[PDB]
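For this one, two forms of the same chain are given in structure tokens, first as structure 1 and then as structure 2.
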Structure 1
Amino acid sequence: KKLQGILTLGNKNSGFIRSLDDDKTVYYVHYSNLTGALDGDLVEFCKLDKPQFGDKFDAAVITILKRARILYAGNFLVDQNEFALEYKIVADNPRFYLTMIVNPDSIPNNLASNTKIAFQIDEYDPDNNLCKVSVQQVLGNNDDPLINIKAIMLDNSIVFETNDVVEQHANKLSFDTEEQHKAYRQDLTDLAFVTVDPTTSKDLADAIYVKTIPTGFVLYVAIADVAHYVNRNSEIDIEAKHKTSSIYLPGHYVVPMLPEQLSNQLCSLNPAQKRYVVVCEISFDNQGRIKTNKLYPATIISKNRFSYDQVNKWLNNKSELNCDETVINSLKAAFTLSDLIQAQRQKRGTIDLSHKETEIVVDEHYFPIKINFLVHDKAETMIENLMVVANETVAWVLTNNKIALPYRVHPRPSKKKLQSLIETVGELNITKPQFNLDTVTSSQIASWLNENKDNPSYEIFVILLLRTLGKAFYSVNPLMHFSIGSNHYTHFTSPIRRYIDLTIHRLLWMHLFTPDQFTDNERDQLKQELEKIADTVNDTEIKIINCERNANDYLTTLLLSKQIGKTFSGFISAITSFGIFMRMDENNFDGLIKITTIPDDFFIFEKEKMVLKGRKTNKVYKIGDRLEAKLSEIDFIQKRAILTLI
């Protein structure tokens, strides 16, 4: 018969097709055999008669079954030649390789050159890779960095435009004063809950209070009661389900999963306002082992809105925070519990995969200024520990009550991927591990990292381990979370900005808090949808991560384009057939050193060790080597910084 699979385009816009079969078989397809297909398209293909060159079969596309996109971002150009106007579009995406004939009836008379637009394909000629396109949206000035970020979101299918019906529905909502007197809702408004968040955030989902008892501690994790305001399958909910999460882009810019009157006002646990929450209350003994837990709706008043910067500076006795003594005692008790919890998590097995992370600072016109390294201090570590224990507790409560739910899962990595990792890292003098590769535990990977922290190449070690370990995702099947270290885990603590957390809250309400206010058909309708919700969230998480990486590259190469001629030190992060990727120390960005212009020899890529070796002199470039290199150009088409060795 005929085969079917998804096309992925890479270097030079050749690529491969991943079949939909059981084996997920991979076939190579050269540019010349794409027959009009674009990156991400689902295609029908045939396997060519020609004998396999090696590695895998080569393929050709027969037809396109379903396009990955309907709109594409691009730059519109107009010029006058003779007495006739000429239109051109240059697609933002370098994998959009078709030559475009612009339908003139789609061009407003007032559309000026160098305007970012979105277009659709009206027709295509598979034999010449030329197509007719129509402008569908005018986005704005092509030189404005914010317009390019919005184009990137559009190119990744990420909704960002205001939805007028949804904003009007959200503006109708208000605080129901009578909800707090419900018998099922515990009044906790006297307790000294507080919030600790980055200084600029206005969506505050979580508040904490920790009390000491003679036998140990009681922790209160209060999470904004989003399900109270957002009814399932309402206009607001449907839009939230489409987004699946809030998006945070550089420089301030947030696309919220929920509109602002909810995300930053009615649900945000803002200081001094009465707010409805769902509380996970956990009592601990003096060893930090969970003794009991209860979940229940409540009312709170946050007493203080703190930043991470404020709490960390207070920790080092440099400055101090203006709050009641009950808050001070809760914060001190929260830190004691958090250090204690951290110790219990390491004992049970948990993999600390921390590494360098960055953010891009932009000015008032969205132009990038500099790159900052992020820190993850005690206060951020403290909140993280309390949020993890609540998430894990809720996962177990729902499982124990036999309620189907979406877990946050992370499977054990395969034996083959680990062995591949082991060989790669031996050239970096990372110890060979002693554990069994089929059975290796979280505890054993953590110990393995530990016996190597002082190695100069520990940073790239963690990078390679992170790729070996792979993606976490959501699943209704009760799979383990290998890197966190638990057999059951979910996302409960952030429903203002993640749709899964909202779903978890709904499950709590419908099965445990007020099952009597819902019918069995409501419970079964949600149960039947869980796997589709997990699928959409997983698919959209990929799009968001790709969107962030596009924006990081666009903004970082735009910033470096003004620093041509500076020399940067760094280390080799990857070796490819077309050259070396070097990660620059000062900005954590990978630049490309093209193979052809490496000095002193002619270098050949050898896939065996993933090195470049010089045909004479035996010079070897390998992953991890320290380098110094010159910034020679910015490739604005592919958004790669190109470097030359010094």
Structure 2
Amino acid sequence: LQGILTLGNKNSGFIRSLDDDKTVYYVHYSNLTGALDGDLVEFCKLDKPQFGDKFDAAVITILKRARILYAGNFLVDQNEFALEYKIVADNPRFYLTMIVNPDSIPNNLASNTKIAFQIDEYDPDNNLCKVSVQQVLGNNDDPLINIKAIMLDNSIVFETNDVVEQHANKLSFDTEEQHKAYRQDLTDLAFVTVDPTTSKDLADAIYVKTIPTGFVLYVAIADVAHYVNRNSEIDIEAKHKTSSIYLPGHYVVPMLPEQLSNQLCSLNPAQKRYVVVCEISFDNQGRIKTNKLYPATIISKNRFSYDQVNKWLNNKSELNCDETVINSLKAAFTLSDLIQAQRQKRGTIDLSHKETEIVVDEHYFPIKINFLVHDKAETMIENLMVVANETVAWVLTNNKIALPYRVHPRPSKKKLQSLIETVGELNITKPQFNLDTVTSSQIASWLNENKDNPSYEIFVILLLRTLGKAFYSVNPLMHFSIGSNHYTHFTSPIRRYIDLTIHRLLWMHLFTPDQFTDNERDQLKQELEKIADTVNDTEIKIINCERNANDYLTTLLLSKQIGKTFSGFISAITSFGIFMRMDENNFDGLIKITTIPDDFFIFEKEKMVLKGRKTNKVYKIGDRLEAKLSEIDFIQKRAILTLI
């Protein structure tokens, strides 16, 4: 009777019920009754016999709109001495016909101006609605304006909140905080930061010491909880955002205002900074022996980029730093190699595969797509952050403190069987493990025995699909791909609300519990599930916003390459055609089913192939193809290919 609408292909879709089974009903376009993608609706099952698979339904009323504002392009034209207004919504799932309120239209608003509009009224029976312009965003051809519109359509806040900035600008460095008995003075240690070249939020610094029996690792994380009081205005805004947002052009929407993100909580060189340290001692094989968590004070001696460290590694450059930094980095790389070997021994799933970024010019127009490369410096930092995250998760669990975990379940036997069949057609080995009990180690060994297969890329793509998304949970579930029974996010409280919450839990229960009330502790405990829920729901939106922006920028880039031939492989097959991932740009283009040459092709959902009725020719995931870019679909932001 109640559920969330999702619109898909041709603006038909389905409703996922709120009942305990999450029962799914199909809904055709004609039974939507004015409802839009993501709306909460009241629905009824259709009296129809079941066509199969699922029941069908019709929307009765809209209980809550998913959005109040919608992006679109505003058009104005004059015809028989009268102004006519039209809006084209950016979102192809916005299917309602719009009547534009003339009193919402400024006299100076020109044609082809991006706007945001709201729905004033709608007629569910005719799919007609009255809308008013609520914001003027800018030139509709401007790619940065489009990126901002795409954030608005995904409910992603990006405008500066002046109240929050003013609250932040009051904050200052308390010089006496370093003298607190609970805060360890580590200002003499050769901490440094290692980050991408354009990052200005330095949340994490590392220092590694060698001892006779092994190593001691210090991971120092900006002490964000010490500056951001829970339920302060700054906190509430961070909780709404849930995370910093990173889109192309190094365009960042920070979770926290820049007085925190780039000054008080940024571990900038030669500045005294307050941190939370995860300190771990290792033996000479990289096995963890002991750990300690505590507030501290550091002075980073150097900020480095991945590029700088990597060139140093390959003896193609020197680092202009003190010898203590040089020895710490050398020990960090040695330790990092050892940690990586232990984690592989215990079981971990390295799901690395091809990644790209879009290069844009100073006006945010896309220039080209670059493939990213494995990064020795980036990998070292990754190993160190992972071991800290895992250790903090276990410390909180060992002390029986409820926390939000980062979790990732074992996939079902069913989904594994499907994956094994698909990749077996690409000469990927059939695995030997039990499908009910398969461990992280066994998936890793299976990946490793196929590393040289030409189809390794789509193998990892499909494995990732099989495994599904990681998410946050207070329930103590495993992280299958990291390979731990307990994992959380601790190292990045400048950009992630979960890490900020993890730091608050450390403060309130382990660092200075005497300074907090039992209610504060229970209140936060009671709120943890809802925090995880909001972060999980917003993470969906962020990923969708990145997808929208990627498709917008890449199809704009490709719009100048019509007629060009691209080689690639099939990444997906649907009832409407073949998705071919192009080698040169890693982007999926659509080959429409109806115009594939030489035969009439039928979608078979079981093996998810297209099979020709006369010739038995088969298209399957992984096949190598060549195709011509024939058009850009600017409505759906798709690249359409035709087989050549």
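Here, a residue number simply tells you its place in the sequence of structure 1, counted from 1. Throughout, rigid core stands for the largest set of C-alpha atoms superposing within 1.5 Å between the two forms.
In this overlay on the rigid core, residue 585 has a C-alpha that sits less than 2 Å away from its partner position between structures 1 and 2.
The Cα position of residue 89 changes by 0.3 Å between structures 1 and 2 once both are aligned on the rigid core. Taking the core as reference, the C-alpha deviation of residue 597 between structures 1 and 2 is 1.7 Å. Relative to the superposed core, residue 51 has its Cα moved 2.1 Å between structures 1 and 2.
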